[PDB]
Each structure stands twice: as structure tokens, then as C-alpha cells.
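Have a look below at one chain only, the form solved without this ligand, in C-alpha cells format.
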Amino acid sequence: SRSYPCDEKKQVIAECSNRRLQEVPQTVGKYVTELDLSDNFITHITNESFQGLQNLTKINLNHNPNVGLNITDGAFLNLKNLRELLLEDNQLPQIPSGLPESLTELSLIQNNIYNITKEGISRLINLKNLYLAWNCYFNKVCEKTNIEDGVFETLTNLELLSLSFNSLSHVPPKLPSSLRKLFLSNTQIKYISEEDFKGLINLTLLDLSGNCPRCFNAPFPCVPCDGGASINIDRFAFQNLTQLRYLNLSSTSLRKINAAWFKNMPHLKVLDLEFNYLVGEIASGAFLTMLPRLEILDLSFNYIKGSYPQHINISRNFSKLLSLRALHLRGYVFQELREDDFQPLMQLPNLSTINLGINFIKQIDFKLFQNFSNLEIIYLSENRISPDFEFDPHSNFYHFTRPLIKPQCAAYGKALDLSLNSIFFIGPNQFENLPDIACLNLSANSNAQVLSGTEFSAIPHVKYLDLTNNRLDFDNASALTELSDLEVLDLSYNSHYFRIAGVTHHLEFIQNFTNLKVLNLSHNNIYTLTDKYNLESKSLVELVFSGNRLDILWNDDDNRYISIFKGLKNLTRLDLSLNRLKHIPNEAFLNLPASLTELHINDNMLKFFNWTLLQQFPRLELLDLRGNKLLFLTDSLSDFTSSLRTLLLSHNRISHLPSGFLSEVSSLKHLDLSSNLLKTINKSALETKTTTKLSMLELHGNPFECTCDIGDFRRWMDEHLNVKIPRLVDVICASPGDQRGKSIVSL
């Protein structure tokens, strides 16, 4: 029997999120142990809410009611297997009372709890992770957090405690010595004493960020300490923190770093000192001598307001950071990087990542990077180089954690990211004295030049090149041909010249690469080319041609572009989306590479599609026709293809499934008919001539008529439990009026 309303999967989880549920489903499968109820409309939780679910080990009740939750005393107490309970964003006025002893994980993030009591927490002695963060913060109308004395001290198995984004004003005493990770960010703690961490000898992480914050240009309501003072850390505060691997002192207004802080911290691996006032400490820094095992150092955004110094002043003591792998120096702000300035970094054996983003750097002596031992990521993006809540409580608050360079680019080798600069022209010597760059990002440099096949000769082994978002003038057939190992080329958003009919446009250079694999020409507004109308490549596997004008290129009165993709003999993935196509001429379609396995023509305006032409494409496995205006399906698809496995047809105008459709089909595993105009599916369309190979049928968003007519399909839904129908709660009757909004499986 099909699980409803939750999608149950035996990885036994009952994903039942965002299903407009107004209460705990009394139709949940018995063998469920993990129940996700997030983003619904649950307003009440009673001791009868989870009655026939005693086997439950995990409940997620986050964001209920979605867009305030009431939980009776002891509602969860009859669940002896409950290990993880997530009550985030539930506007809880108090910690739920009578929580079960079995809990190992409890999160009350983003509520209105201002009182952490013994009666709520102290019995929960099996707790390992406790998240009480984000209850009182910013300009929210909320109270100072009251933490009863000794509340955490009985929790002798507690490994993680998060109390960040609450007003504590003091580190709570009597913390359990089991603590491994202590999150106290943005807690309004201004003073750290010798006693505050005295017992925490197993502590591997300490986050004291956002205490006495640096509020200038803060993108959130930020209240500094008096006179913008620094956090006051006692000389001996970290004395017993011998196991510390992570320390976050971001935005604590530090001007001085006491080297004695790290005297007994020999395992310190990651040190976050963003958003402080440490330009002076960066230039002298006795503390750097205390971190021989440090791998990550973040000193981003320590700039002096109003300043634009000529050079970055890096202390020679940086040469002591022998284990350093990554240095983040965003937002120091300085005009020029000379080779001399980075001498202290050049003997560090493992320094692979240097991040100098957002420094308004105008000039760089690029040869310096060659003098490092093993740079892998040279990040210079965003400089001036010339020729219900907006903060995710579970993300870093001071920096995006996304990787610096796309992993697909980085995987090829050394990466040089010069995106968002002003290299509007690459001259004859731009890339001299560089390391062997394999991954090069020149995105958004306002480059309008005519690449001529000589500009990258100093770095001929570039394999992934990102030239997106420029204004490149493709007016030379030898462009980029010096890059004989080029595999991935991204030219998206270079529409500036393409859009102008009157200038010449030349793409013939595509053919000269022997190992070009992926070409992105998206959003170039290509509608006209000069002399050579065909794209050709023996190697190319993937062409993204979205956001261009195939409607014009293939207009009925023009034969010139009828074979535009035919010369891509090796092509298997082709993206023709967003080309304003109302139809594709038969000859044009039949001239698509016969080697295609994946074809996207979604988000056009297709009103017509010749299914017969699929005969020409015996390797086609996926056809994406979503977001068009099709009103018609063939009833003889099988005569046209025996290779198609996925057919995406959502968001069209299909109002009728033909007789003998599903069994015809036969090769399809996945058919997506959601968001069309189906009011019914006749017995004839189901038929069951042959045994289907279909494993997923999407049907939500269709205006189903829930009368006698819908019975044949409901009976079809029952027999074929091997055909997954996603979003049953959204597979809804649009009519008659008395049922409008009701899911069809409920009938």
C-alpha cells in the first residue's frame, strides 16, 4: 500500500516535509523510525500525536507552523527510542517540559526561549548535542537569556553546546567536562575570565565570535562594546584548552593578540580572526610563533576604515607557520602586491591556498606566485587588477563556505581566479612568469578584445577556462587555439557583440581543439554568424546553447543554419533551452548529432513536436521538453524510439493522454507529466498491453476531476506500487467545487 502523505524510503525514513499537514499524520507506516515533519502546519503536539509510532528515533518538527507551536508537558515522553528531536523555528516560549531521557540530540534553535531551566534540561543526561542558539539576537524583541545555575553540569555526556545569538553577558559556569565543542558566538560576552573554561580539557572547538563586535558597515544590527573596545580575554583563559583544534575570535574587535593564549594549544589547526582590527598584529605578530601546527588562518576584513595603503605588511613571523595550508586575507585593502611583500610565505611547504579577494588591488607582480613551494589556488577575485531570517543558523556567519574555485575547474590542477577585476585587455605579457595554470577564471573583467590565438601562449596548458560575463568580440578564427589542451570552455554571457547584426562574428575556432569536451555558449544572444554557419568538433561532448536565438537561426525562411550542430560528431548532451523556439523545422531537428543521449529544449514556446524524428536518434535516453506549450502526444512512441528512458513534459498544455500510451512507451523509466491540463487518465491510456518499465510518473499540478472519472486511475495507482508517484499531496482534484484542493489518493 502506497505511503501517504509521507514519502517513505528505507535508507526507514518518512519524509513528510512541506505537505501542508495541519497535524501529525495518523497514517504513518509502523516501521518508521525517522520522521520528518518540517515545514508543515502543526500547531499542537500532544501525547496522542505519536501514539502508534513508539519505534521512532528521530523527529524533525522544524518550522511548524510554517510561516506558533504548542507542545503539552510530556508529549514526547512515551517515546523510549527518541534520540533526536528538532524543534527549530517553532516560536517556542519555553523549553518543552517532560522531554524523554533517551534524547541524545536536541535543537531549539530560532525560538523565543529566554529561560534555560533545570526542569527542562537537567534530567536529559544522555544529551550529546544541545543547540539553544538564535533565541535573542539583533533587533528582535526578546529577553536576556536566563541560564539557571548548574543546568548543564549534570549533562555528563554533553559533547556539543551551542548558545550563540542569545544575550548571556557571561560564559555560564558549571559546564560539563565532556564538552568537545562550545559555541558562544554573539552572546554579548565582553569578558572572558580564567575560570570560564577551567574544566573543559577535552574542548576541541571554541567559538567566541561576535562578542564586542566590529560594527562598522555591519550587514546586521550590530551593537559594539563601549568605545568599540576589544573583547577582554584573560591571559590564562585558554590555559587548560590543550586539545583545541578550532578557535573562532571573529569580530571581537581585537587589536592585540596575546601570544600566551596559545602557549598550551599545540594542536591548534584553524584560527578565525576575521573582522578585527589586526593590521598592526599582521605586521608584527608574536602570536604566529605559537602556531606550528596551524593549517587554516583567516584574517579577512581587518582593514582600517578610510585607508588604502600601498602595500600589505606581512610579518616575517608568518614564516613560522610551517603547517599552514590556507591563508585568507580578504578585505585588508591595499593597492599593490610586490614580490617582497610575500617573502615570509614563500618557504611554507604546504601553503596551497591564498585568498586575496576584495582588496581593491590595482597591480600584482605575478612572478611572485611562482616562488611559492606549492600554490594550488591563487584567489584574486574582486579586485581592481588592470592590464523568515536571512542568516542560516547552520552556516558560518562571517564567511560563505562555498569553495573558492569550482571543483570542476580546480580538479584539473593549479587555479588562478582573476574574476571580477578589470583585465579588459590581455596584452602580450599578461601571463608571463605564472605557474603551470590549468584552471583560469577571467569572468567579468569587462573584456571586449578580439582573442587572436596568442593571448594565452604563456600558459598553454589551461584545461578549464572561464571567460563568462565579458563583452568579448569573437572576430578571429584562431581565438584560443594556443590552448591545445583545452577541455572545458565557458563563454556564457558574452552577448555584447553577438547582439549586433552589423559586426562580424566568428566561432570557427571551436573546431581546432582536440580535447575540448564541454562548451558553454549560453546567453550570448547568438542569431547571426559570419561565413561559417556550422559549429564543428570531433571531440566536443556537451554543448550548452541556452539563451540564444535559434528561433531566428532556424526561421522558416533561412536554410543557412540548418546543420549548425551536425558537425559536432561526438556530442551527447545538447541544451537548446531558452531559445524562444515555437517549433523546430524537421530538417533542423534531423540534423542534430545522431550521437545525442541527452537533449534539452525546455523553456521555449514549443507548440509542435514531431515525435517521428526520434527514429534518427537511437542513443537518445533523455528528452527534456518542460516549460513549453505542447498540447499533443504521440500514441506510437515505441515505433519512434526504444532508447528513451526519461521524458520530461512538465509545464505544457497536454490535456489528454492518448489510447495505449503507457504500454506503448515501454522503454521509459521516468515520465514527467506534472503541471499540465490533465483532468483524467482513461483506462485506455493505462491499458497495460505489455508490462511497463516505468518506475516514476509525475502528475502533480494537473487539474484532476474528482468524480466517477478518476476511479480508473486510483485503481491503477494501487496495482502498480512499482511506479512511484511523487507529491501525492499535490496530485489534487481541481474539481468539482466541493473537493477542490483535496488530494486524489484520498477519495
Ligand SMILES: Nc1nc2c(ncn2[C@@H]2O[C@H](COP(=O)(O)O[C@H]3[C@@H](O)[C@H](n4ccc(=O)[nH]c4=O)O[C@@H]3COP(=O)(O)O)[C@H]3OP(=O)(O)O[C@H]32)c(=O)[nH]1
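From 1 onward, residues are counted along the sequence shown.
FYI, the form deposited with this ligand bound isn't displayed, but the following is about it.
J.: Can you check 293-301, 623-631, 644-652, 555-563 and let me know which stretch has heavy atoms within 4.5 Å of this ligand in the deposited complex?
T.: Within 4.5 Å of the partner lies stretch 293-301.
J.: Taking any heavy atom pair closer than or equal to 4.5 Å as contact, tell me whether residue 187 reaches this ligand in the deposited complex.
T.: No.
J.: Check residue 355 for me: does it contact this ligand in the deposited complex (non-hydrogen atoms, 4.5 angstroms)?
T.: Looking in the deposited complex, residue contacts with this ligand include residue 355, since a heavy atom lies within 4.5 Å.
J.: Answer yes if any heavy atom of residue 233 is within 4.5 Å of a heavy atom of this ligand in the deposited complex; otherwise answer no.
T.: Answer no; every heavy atom of residue 233 is more than 4.5 Å from this ligand in the deposited complex.
J.: With heavy atoms only and a cut-off of 4.5 Å, decide whether residue 670 touches this ligand in the deposited complex.
T.: Output for residue 670 is no: heavy atoms all beyond 4.5 Å of this ligand.
J.: Exactly one residue in 269, 83, 128, 656 has a non-hydrogen atom within 4.5 Å of this ligand in the deposited complex; which is it?
T.: Exactly one residue meets the criterion: 269.
J.: Just give me the single entry in 191, 262, 277, 246 that has a non-hydrogen atom within 4.5 angstroms of this ligand in the deposited complex.
T.: When this ligand is considered in the deposited complex, the option within 4.5 Å is 246.
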